[PDB]
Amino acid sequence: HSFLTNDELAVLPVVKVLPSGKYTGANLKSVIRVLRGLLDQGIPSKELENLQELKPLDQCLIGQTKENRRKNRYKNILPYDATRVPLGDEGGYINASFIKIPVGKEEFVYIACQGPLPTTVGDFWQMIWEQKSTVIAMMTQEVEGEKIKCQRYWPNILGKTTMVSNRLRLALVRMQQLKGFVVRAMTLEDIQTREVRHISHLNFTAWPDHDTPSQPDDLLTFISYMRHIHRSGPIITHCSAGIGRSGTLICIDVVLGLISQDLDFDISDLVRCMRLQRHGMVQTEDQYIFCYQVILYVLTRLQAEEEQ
């Protein structure tokens, strides 16, 4: 098929525009006024301050065992035991957590995890196969500056298959470079059953660790594309630690989904919900403020189109 075009992307809705409701006309202006008011008074910063006071779901015991410690990129960034993603019938360990958020009549399901280590590449793909995910949102570059953020866990040569585990064969069939992100098409096969799955790997590269996107419009396009291609299964969202950029992505994705169904949203409640499933989601004050800024931005664009 054709390479992704900008036109194809521009038509993809960031939010579903409704005839009326909370986000049209006078009501939309009122929401914009409120959001601007909150940012102007530094409310988001205060909300985050309160959220960092939220106690952990559990002690993350499994990720701390001597046999597992080595499977963590960061010794202190661990999945809770209660919501961890298990590997195989044996319940093997991987630094990954299920994060589910009700979004009106829909439910957004993610697996937020750390970027795979050279020694957990097989584990990662096992998880993707077992959890039936076909969409991966990698919100980090492999290396940023002089720092390693995530080891490449796919073949870098087009068409060459490789066994990432005893049962799973992985191949890179296509790579496309867009503004701010990369789209890679991969095939994942259980050579025993011969079942072949098509994995869409979305790599947003214009978002530095502990920072905010350098290209907000491109992130919105990225999100609308991720939403558009997702058919079923949890969406894998990872970065380096699996909490900052992934949490910010989830928050925005969810708020846009709420707006699309003419529903209210509360960013603090949303981040609190995420943090009770994987500790630390949305890492910095600026990332939390960014959630507010980009939604305000989306709403102002909506208003601009409305006065078409």
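Position 1 is the first residue in the sequence shown; the rest follow in order.
Per-stretch averaging of Cα B factors for 94 to 102 and 148 to 156 places 148 to 156 on top. Looking at mean Cα B-factors across 67 to 75 and 196 to 204, the upper value is held by 67 to 75. For the set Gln131, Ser232, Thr83, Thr221, the PDB entry puts the maximum C-alpha B factor at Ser232.
Out of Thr140, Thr187, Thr237, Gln215, it is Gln215 whose C-alpha atom has the highest B-factor in the PDB entry. The PDB entry assigns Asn50 a C-alpha temperature factor belonging to the highest third of its chain's modelled residues. Ranked within its chain, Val121 lands in the middle third, by CA B factor from the PDB record. Among all modelled residues in this chain, the alpha-carbon of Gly242 has a temperature factor (C-alpha) in the lowest third. Ranked by C-alpha B-factor against the other modelled residues of its chain, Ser268 falls in the middle third. Split the chain's modelled residues into thirds by C-alpha temperature factor. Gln59 is in the highest one.
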